[PDB]
């Protein structure tokens, strides 16, 4: 209880290391009291703090972070976009389906693979997923009848 509120005050510390350790610690604890302070940390000046806050929001899994995490998917830093896409899949809210479908066209090879396994965790994503990061799309299609012909590293994930 005291540790949760100590890490919540630390999200406003001058040190970037202290802020990113606090966002990570709050995700480990998984306390709901940190959901609003972590949503404010998603707009932090440093990208390592925004990425830790995004990852912590997926760990907690509160639906209040769905809209802020959808806005974090359009972040200039690829680590923040990957951490937000992973958190959206972990929360499993349907609101993230359209934003995660747009993330499948991302310039980064990591941010595009992260959105595929998230879409699989959450029907609308079948046609965009059919269109190394291909193994994540192959696994998501199996997790979700339309993806039988598109099958005909990307070999071990054929049977589903």
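Numbering follows the first chain given and starts at 1.
Going from residue 144 to residue 145, you skip over 1 to 3 residues of the deposited sequence that the entry leaves unmodelled. The modelled chain breaks after residue 152 and resumes at residue 153, leaving 10 or more residues of the deposited sequence without coordinates. Look at the C-alpha B-factors of 97-105 and of 60-68. On average they run higher in 97-105. Remark: stretch with higher mean C-alpha B factor among 15-23 and 135-143 is 135-143.
Residue-level inspection of the entry shows that, of 55, 128, 30, 37, 128 has the top Cα B-factor. Residue 91: CA B factor in the middle third of modelled residues in this chain (values from the PDB entry). Ranked within its chain, residue 51 lands in the lowest third, by CA B factor from the PDB record.
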